[PDB]
Structure formats: C-alpha cells, structure tokens
Protein chains: 2
Amino acid sequence: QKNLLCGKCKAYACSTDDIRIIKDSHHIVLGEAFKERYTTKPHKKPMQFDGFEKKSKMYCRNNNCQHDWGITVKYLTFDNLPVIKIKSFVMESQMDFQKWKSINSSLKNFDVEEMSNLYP
Amino acid sequence: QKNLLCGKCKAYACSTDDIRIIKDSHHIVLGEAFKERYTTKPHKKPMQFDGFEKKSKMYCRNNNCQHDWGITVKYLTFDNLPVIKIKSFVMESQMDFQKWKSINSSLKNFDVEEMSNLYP
RNA sequence: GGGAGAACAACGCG
RNA sequence: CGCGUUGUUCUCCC
Ligand SMILES: [Zn+2]
Ligand SMILES: [Zn+2]
C-alpha cells in the first residue's frame with residue numbers, strides 16, 4: 001500500500017506489503033529485492049533474544065547515507081532475515097513510519113507457511 | 001512539610017512550605033534565608049515571558065557544585081524573585097522533586113497579598 | 001529488534 | 001521558568 005523511505009537520505013526502502021510482524025514487535029521485510037538496498041557489517045557484540053540470533057547490522061546502501069536500518073537475524077530455519085528499525089524510516093508523500101503505524105491497520109503477521117513458499 | 005536538596009551536591013535547598021506556584025508552572029521560593037544558599041551571575045540571553053522578566057541564573061552556592069538551580073526574575077513589583085528548576089532538586093529521606101510533586105497535593109498558589117506582607 | 005531507564009549537549013514554542 | 005523536539009552516551013528486561 002504505502003512506501004517506506006530511508007529517514008536520512010529518503011531513498012526507497014520497501015513497501016508495507018513486504019513487511020511482516022513476528023511476535024508483535026519485530027518488523028521483518030520479505031523479498032530478495034530489498035537486500036540490494038542495504039549493506040551489512042558484522043555485529044560487535046553477539047546477542048540472541050526472542051527466536052532470533054543476531055548476524056549483522058543493516059545500513060542504507062547509499063554510500064553518502066549509511067543510515068542504521070536494523071539488523072539481520074536467523075529465526076527458525078530462516079537466516080539473513082532483515083529486521084528493520086521503525087524509527088529509521090519515513091513515508092513517501094509527510095510523516096514518519098512510527099506515526100504511520102499508529103494511525104493505520106495492523107501490518108501482516110509473519111506466516112511460516114507463506115515463508116516456506118517464498119524460500120523453499 | 002518536606003525538604004528539597006540540591007540534586008547534585010545534596011545541600012539543603014528549601015522547604016515545600018516556602019514554595020509558591022505562579023500561573024500553574026513556575027516555582028518560586030519565598031524568604032531571604034533561601035537567597036544565602038545560591039549565587040547568581042547575570043543572564044546570558046534576556047527573555048521576558050508570562051509576567052516575568054529574567055534577571056539572572058541561579059547556582060548552588062557550594063563552590064564544588066554550582067548546579068543550575070533556576071533563574072531570578074521580576075514579576076509585578078517583585079524583583080530578584082527566585083524561580084527554581086524542578087529537575088534540579090531531590091527530596092530528603094530517595095526520590096526526586098518531580099516525582100514528589102506527582103504523588104503529593106498541589107503546592108500553594110502564589111498570593112500577591114501575602115507577598116505584599118512579607119516584602120512591603 | 002522491541003519495551004523501558006538514567007545522563008549530557010543542543011533546537012523549537014510560550 | 002514551564003512545554004514540546006532532536007542528537008548522543010550508559011543501562012535494564014525480553
Ligand atoms: Zn539512505
Ligand atoms: Zn549543590
């Protein structure tokens with residue numbers, strides 16, 4: 001429905017249709033397209049929490065921006081799963097993503113069977 | 001009733017009985033005793049608002065502390081009236097003044113006629 | 001990654 | 001002085 005942009009450099013991030021919610025907190029982003037739009041550097045200090053094990057940090061790929069976008073994690077069998085930081089993004093036109101969520105219907109809950117279809 | 005202490009150095013500030021509220025926001029402190037417990041240096045940037053004209057900044061007199069306590073102002077005919085910064089103080093016992101206010105009854109509203117009695 | 005907490009430095013309105 | 005906002009640091013829980 002609505003598009004997210006890098007809060008810092010406003011480059012296209014992803015669509016709300018491509019987001020899923022795991023355990024009513026974490027925002028992950030489906031599709032291999034998205035992965036072209038960020039780069040990753042390894043985590044200084046390891047943390048596992050919830051289902052997740054942390055793998056790396058996400059940064060806007062725009063070299064002049066490198067805004068902190070979130071982390072990648074392994075959840076269940078799904079590795080290199082990008083989880084985005086909701087304060088790091090804004091919406092196309094203006095308002096930020098936090099605000100947007102508050103006034104819109106819930107995003108889709110992550111569905112493992114759907115996920116097993118996209119990443120067999 | 002309850003005593004306020006310099007948040008930084010814990011030196012005795014004033015009693016809650018010596019505080020008055022002007023326009024449901026500003027906390028001023030009666031009595032010439034109090035004035036011995038802070039020092040002032042003129043205000044770096046003069047601003048009038050509400051009734052007040054700013055005169056100076058307040059600092060804890062303890063030379064090793066000099067915590068920012070608030071400002072002095074002229075209101076109506078009353079010059080060099082100390083207004084304290086509620087985040088700068090804590091309560092004897094520990095909790096801070098902000099917290100204390102939230103769980104206690106309202107402090108006394110400033111009364112100009114009372115004030116005309118103390119400072120004729 | 002989400003939820004809180006405290007500190008510092010500043011920006012805006014009165 | 002109140003109010004609202006930012007950046008950063010430290011920490012807790014998950
Ligand atoms: Zn960017
Ligand atoms: Zn002090």
# chains A, B, ... in the order shown; residues from 1 in each chain; ligands from 1
>>> interface_residues(of="chain D", to="chain B", cutoff="10 Å", atoms="only C-alpha atoms (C1' of nucleotides)", output="list in words")
residues 1, 2 and 3 of chain D
>>> select_by_dssp(residues="range 8-55 of chain B", states="strand (DSSP E)", output="list in words")
residues 12, 13, 14, 15, 19, 20, 21, 22, 26, 27, 28, 29, 38, 39, 40, 41, 42, 48, 49, 52, 53, 54 and 55 of chain B
>>> write_last_selection(atoms="N, CA, C and O atoms", output="PDB file, in the first residue's frame")
ATOM      1  N   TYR B  12      21.132  21.428  51.531  1.00  0.00           N
ATOM      2  CA  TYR B  12      19.753  21.810  51.803  1.00  0.00           C
ATOM      3  C   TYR B  12      19.363  22.962  50.895  1.00  0.00           C
ATOM      4  O   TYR B  12      20.083  23.955  50.835  1.00  0.00           O
ATOM      5  N   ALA B  13      18.238  22.810  50.188  1.00  0.00           N
ATOM      6  CA  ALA B  13      17.715  23.845  49.296  1.00  0.00           C
ATOM      7  C   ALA B  13      16.670  24.679  50.018  1.00  0.00           C
ATOM      8  O   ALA B  13      16.960  25.792  50.446  1.00  0.00           O
ATOM      9  N   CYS B  14      15.464  24.137  50.160  1.00  0.00           N
ATOM     10  CA  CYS B  14      14.370  24.839  50.838  1.00  0.00           C
ATOM     11  C   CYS B  14      13.285  23.856  51.252  1.00  0.00           C
ATOM     12  O   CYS B  14      13.374  22.670  50.936  1.00  0.00           O
ATOM     13  N   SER B  15      12.260  24.346  51.943  1.00  0.00           N
ATOM     14  CA  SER B  15      11.110  23.512  52.288  1.00  0.00           C
ATOM     15  C   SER B  15      10.018  23.670  51.241  1.00  0.00           C
ATOM     16  O   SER B  15      10.018  24.640  50.496  1.00  0.00           O
ATOM     17  N   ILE B  19       7.641  27.273  49.001  1.00  0.00           N
ATOM     18  CA  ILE B  19       7.447  27.351  47.552  1.00  0.00           C
ATOM     19  C   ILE B  19       6.065  27.873  47.218  1.00  0.00           C
ATOM     20  O   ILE B  19       5.106  27.574  47.929  1.00  0.00           O
ATOM     21  N   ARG B  20       5.965  28.650  46.141  1.00  0.00           N
ATOM     22  CA  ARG B  20       4.671  29.085  45.620  1.00  0.00           C
ATOM     23  C   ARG B  20       4.617  28.897  44.113  1.00  0.00           C
ATOM     24  O   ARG B  20       5.645  28.967  43.441  1.00  0.00           O
ATOM     25  N   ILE B  21       3.415  28.676  43.591  1.00  0.00           N
ATOM     26  CA  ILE B  21       3.220  28.450  42.167  1.00  0.00           C
ATOM     27  C   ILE B  21       2.560  29.639  41.498  1.00  0.00           C
ATOM     28  O   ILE B  21       1.450  30.012  41.858  1.00  0.00           O
ATOM     29  N   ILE B  22       3.234  30.227  40.518  1.00  0.00           N
ATOM     30  CA  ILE B  22       2.647  31.304  39.732  1.00  0.00           C
ATOM     31  C   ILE B  22       2.198  30.753  38.395  1.00  0.00           C
ATOM     32  O   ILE B  22       2.985  30.142  37.683  1.00  0.00           O
ATOM     33  N   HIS B  26       5.444  27.908  37.227  1.00  0.00           N
ATOM     34  CA  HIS B  26       6.680  28.407  37.790  1.00  0.00           C
ATOM     35  C   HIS B  26       6.736  28.210  39.256  1.00  0.00           C
ATOM     36  O   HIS B  26       5.772  28.483  39.968  1.00  0.00           O
ATOM     37  N   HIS B  27       7.881  27.742  39.727  1.00  0.00           N
ATOM     38  CA  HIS B  27       8.075  27.511  41.142  1.00  0.00           C
ATOM     39  C   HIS B  27       8.987  28.546  41.708  1.00  0.00           C
ATOM     40  O   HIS B  27      10.178  28.552  41.400  1.00  0.00           O
ATOM     41  N   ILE B  28       8.443  29.436  42.534  1.00  0.00           N
ATOM     42  CA  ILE B  28       9.259  30.437  43.206  1.00  0.00           C
ATOM     43  C   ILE B  28       9.401  30.071  44.684  1.00  0.00           C
ATOM     44  O   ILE B  28       8.604  29.289  45.211  1.00  0.00           O
ATOM     45  N   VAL B  29      10.414  30.638  45.340  1.00  0.00           N
ATOM     46  CA  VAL B  29      10.755  30.276  46.715  1.00  0.00           C
ATOM     47  C   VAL B  29      10.900  31.490  47.608  1.00  0.00           C
ATOM     48  O   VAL B  29      11.805  32.300  47.423  1.00  0.00           O
ATOM     49  N   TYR B  38      22.152  30.202  47.302  1.00  0.00           N
ATOM     50  CA  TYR B  38      22.562  30.248  45.901  1.00  0.00           C
ATOM     51  C   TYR B  38      23.334  31.520  45.570  1.00  0.00           C
ATOM     52  O   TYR B  38      23.273  32.510  46.299  1.00  0.00           O
ATOM     53  N   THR B  39      24.075  31.467  44.467  1.00  0.00           N
ATOM     54  CA  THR B  39      24.717  32.640  43.883  1.00  0.00           C
ATOM     55  C   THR B  39      24.143  32.861  42.495  1.00  0.00           C
ATOM     56  O   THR B  39      23.551  31.958  41.905  1.00  0.00           O
ATOM     57  N   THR B  40      24.329  34.065  41.971  1.00  0.00           N
ATOM     58  CA  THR B  40      23.842  34.385  40.642  1.00  0.00           C
ATOM     59  C   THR B  40      24.893  35.080  39.806  1.00  0.00           C
ATOM     60  O   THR B  40      25.795  35.745  40.314  1.00  0.00           O
ATOM     61  N   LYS B  41      24.734  34.938  38.502  1.00  0.00           N
ATOM     62  CA  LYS B  41      25.554  35.626  37.540  1.00  0.00           C
ATOM     63  C   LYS B  41      24.553  36.077  36.499  1.00  0.00           C
ATOM     64  O   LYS B  41      23.620  35.341  36.207  1.00  0.00           O
ATOM     65  N   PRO B  42      24.717  37.286  35.947  1.00  0.00           N
ATOM     66  CA  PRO B  42      23.660  37.780  35.067  1.00  0.00           C
ATOM     67  C   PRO B  42      23.317  36.819  33.925  1.00  0.00           C
ATOM     68  O   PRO B  42      24.136  36.004  33.520  1.00  0.00           O
ATOM     69  N   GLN B  48      11.799  37.971  28.317  1.00  0.00           N
ATOM     70  CA  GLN B  48      10.554  38.135  29.068  1.00  0.00           C
ATOM     71  C   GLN B  48       9.474  37.197  28.512  1.00  0.00           C
ATOM     72  O   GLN B  48       9.353  37.000  27.299  1.00  0.00           O
ATOM     73  N   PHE B  49       8.700  36.622  29.420  1.00  0.00           N
ATOM     74  CA  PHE B  49       7.561  35.797  29.065  1.00  0.00           C
ATOM     75  C   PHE B  49       6.621  35.799  30.260  1.00  0.00           C
ATOM     76  O   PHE B  49       7.035  36.162  31.370  1.00  0.00           O
ATOM     77  N   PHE B  52       7.009  37.520  33.721  1.00  0.00           N
ATOM     78  CA  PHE B  52       8.390  37.660  34.155  1.00  0.00           C
ATOM     79  C   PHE B  52       9.310  38.354  33.177  1.00  0.00           C
ATOM     80  O   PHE B  52       9.176  38.186  31.976  1.00  0.00           O
ATOM     81  N   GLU B  53      10.259  39.112  33.724  1.00  0.00           N
ATOM     82  CA  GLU B  53      11.478  39.497  33.018  1.00  0.00           C
ATOM     83  C   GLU B  53      12.655  38.813  33.712  1.00  0.00           C
ATOM     84  O   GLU B  53      12.798  38.903  34.930  1.00  0.00           O
ATOM     85  N   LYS B  54      13.498  38.139  32.941  1.00  0.00           N
ATOM     86  CA  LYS B  54      14.634  37.428  33.501  1.00  0.00           C
ATOM     87  C   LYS B  54      15.659  38.440  34.000  1.00  0.00           C
ATOM     88  O   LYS B  54      15.833  39.496  33.387  1.00  0.00           O
ATOM     89  N   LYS B  55      16.312  38.122  35.122  1.00  0.00           N
ATOM     90  CA  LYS B  55      17.410  38.946  35.656  1.00  0.00           C
ATOM     91  C   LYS B  55      18.758  38.209  35.709  1.00  0.00           C
ATOM     92  O   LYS B  55      19.800  38.786  35.372  1.00  0.00           O
TER      93      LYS B  55
END
>>> residues_near_ligand(ligand="ligand 1", cutoff="9 Å", atoms="only C-alpha atoms (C1' of nucleotides) and all ligand atoms", output="list in words")
residues 5, 6, 7, 8, 9, 10, 11, 12, 13, 37, 38, 59, 60, 61, 62, 63, 64, 65, 66, 67, 68 and 69 of chain A
>>> write_last_selection(atoms="N, CA and C atoms", output="PDB file, in the first residue's frame")
ATOM      1  N   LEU A   5      10.721   5.131   3.184  1.00  0.00           N
ATOM      2  CA  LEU A   5      11.970   5.714   2.696  1.00  0.00           C
ATOM      3  C   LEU A   5      12.981   5.841   3.816  1.00  0.00           C
ATOM      4  N   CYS A   6      14.256   5.717   3.464  1.00  0.00           N
ATOM      5  CA  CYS A   6      15.339   5.929   4.417  1.00  0.00           C
ATOM      6  C   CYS A   6      15.138   7.269   5.073  1.00  0.00           C
ATOM      7  N   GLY A   7      14.940   7.276   6.385  1.00  0.00           N
ATOM      8  CA  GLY A   7      14.741   8.525   7.111  1.00  0.00           C
ATOM      9  C   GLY A   7      15.801   9.578   6.809  1.00  0.00           C
ATOM     10  N   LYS A   8      17.043   9.136   6.649  1.00  0.00           N
ATOM     11  CA  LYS A   8      18.156  10.052   6.442  1.00  0.00           C
ATOM     12  C   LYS A   8      18.257  10.543   5.003  1.00  0.00           C
ATOM     13  N   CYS A   9      18.352   9.624   4.045  1.00  0.00           N
ATOM     14  CA  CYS A   9      18.558  10.008   2.638  1.00  0.00           C
ATOM     15  C   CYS A   9      17.323   9.890   1.736  1.00  0.00           C
ATOM     16  N   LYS A  10      16.207   9.432   2.298  1.00  0.00           N
ATOM     17  CA  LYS A  10      14.928   9.349   1.582  1.00  0.00           C
ATOM     18  C   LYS A  10      14.906   8.380   0.395  1.00  0.00           C
ATOM     19  N   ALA A  11      15.961   7.587   0.211  1.00  0.00           N
ATOM     20  CA  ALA A  11      15.968   6.556  -0.827  1.00  0.00           C
ATOM     21  C   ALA A  11      14.895   5.510  -0.526  1.00  0.00           C
ATOM     22  N   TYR A  12      14.351   4.910  -1.573  1.00  0.00           N
ATOM     23  CA  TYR A  12      13.259   3.967  -1.416  1.00  0.00           C
ATOM     24  C   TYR A  12      13.727   2.795  -0.579  1.00  0.00           C
ATOM     25  N   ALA A  13      12.963   2.465   0.457  1.00  0.00           N
ATOM     26  CA  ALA A  13      13.272   1.335   1.334  1.00  0.00           C
ATOM     27  C   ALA A  13      12.503   0.108   0.899  1.00  0.00           C
ATOM     28  N   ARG A  37      19.197  -3.124  -1.382  1.00  0.00           N
ATOM     29  CA  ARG A  37      19.093  -1.729  -0.976  1.00  0.00           C
ATOM     30  C   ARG A  37      19.816  -1.415   0.334  1.00  0.00           C
ATOM     31  N   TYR A  38      20.338  -2.450   0.993  1.00  0.00           N
ATOM     32  CA  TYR A  38      21.186  -2.253   2.168  1.00  0.00           C
ATOM     33  C   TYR A  38      22.467  -3.046   2.071  1.00  0.00           C
ATOM     34  N   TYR A  59      22.741  -1.231   6.936  1.00  0.00           N
ATOM     35  CA  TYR A  59      22.986   0.173   6.637  1.00  0.00           C
ATOM     36  C   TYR A  59      22.456   0.500   5.249  1.00  0.00           C
ATOM     37  N   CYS A  60      21.849   1.677   5.113  1.00  0.00           N
ATOM     38  CA  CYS A  60      21.433   2.186   3.807  1.00  0.00           C
ATOM     39  C   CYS A  60      22.588   2.023   2.836  1.00  0.00           C
ATOM     40  N   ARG A  61      22.308   1.504   1.650  1.00  0.00           N
ATOM     41  CA  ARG A  61      23.377   1.243   0.699  1.00  0.00           C
ATOM     42  C   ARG A  61      23.965   2.524   0.108  1.00  0.00           C
ATOM     43  N   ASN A  62      23.149   3.578   0.005  1.00  0.00           N
ATOM     44  CA  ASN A  62      23.640   4.878  -0.456  1.00  0.00           C
ATOM     45  C   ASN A  62      24.873   5.251   0.354  1.00  0.00           C
ATOM     46  N   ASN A  63      26.023   5.248  -0.311  1.00  0.00           N
ATOM     47  CA  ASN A  63      27.293   5.427   0.370  1.00  0.00           C
ATOM     48  C   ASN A  63      27.365   6.721   1.181  1.00  0.00           C
ATOM     49  N   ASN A  64      26.673   7.754   0.710  1.00  0.00           N
ATOM     50  CA  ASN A  64      26.643   9.053   1.388  1.00  0.00           C
ATOM     51  C   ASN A  64      25.694   9.099   2.589  1.00  0.00           C
ATOM     52  N   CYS A  65      25.006   7.993   2.859  1.00  0.00           N
ATOM     53  CA  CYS A  65      23.974   7.950   3.876  1.00  0.00           C
ATOM     54  C   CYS A  65      24.348   6.962   4.971  1.00  0.00           C
ATOM     55  N   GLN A  66      24.409   5.681   4.619  1.00  0.00           N
ATOM     56  CA  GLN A  66      24.745   4.609   5.566  1.00  0.00           C
ATOM     57  C   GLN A  66      23.963   4.667   6.887  1.00  0.00           C
ATOM     58  N   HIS A  67      22.710   5.107   6.805  1.00  0.00           N
ATOM     59  CA  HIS A  67      21.820   5.183   7.954  1.00  0.00           C
ATOM     60  C   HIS A  67      21.612   3.803   8.533  1.00  0.00           C
ATOM     61  N   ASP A  68      21.580   3.712   9.861  1.00  0.00           N
ATOM     62  CA  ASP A  68      21.336   2.443  10.535  1.00  0.00           C
ATOM     63  C   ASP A  68      19.906   2.013  10.279  1.00  0.00           C
ATOM     64  N   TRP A  69      19.757   0.899   9.578  1.00  0.00           N
ATOM     65  CA  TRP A  69      18.436   0.388   9.193  1.00  0.00           C
ATOM     66  C   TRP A  69      17.906  -0.712  10.097  1.00  0.00           C
TER      67      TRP A  69
END
>>> interface_residues(of="chain C", to="chain A", cutoff="12 Å", atoms="only C-alpha atoms (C1' of nucleotides)", output="PyMOL selection string")
chain C and resi 1-3
>>> atom_distance(atom1="CA of residue 91 in chain B", atom2="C1' of residue 9 in chain D")
26.5 Å
>>> residues_around(residues="residue 9 in chain C", least_positions_apart="4", cutoff="12 Å", atoms="only C-alpha atoms (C1' of nucleotides)", output="ChimeraX atom specification")
/D:6-9
>>> select_by_dssp(residues="chain A", states="alpha helix (DSSP H)", output="PyMOL selection string")
chain A and resi 32-35+97-103+112-118
>>> closest_residue(among="B:88, B:56, B:80, B:106", to="ligand 2", atoms="only C-alpha atoms and all ligand atoms")
B:88
>>> atom_distance(atom1="CA of residue 4 in chain A", atom2="CA of residue 107 in chain A")
13.3 Å
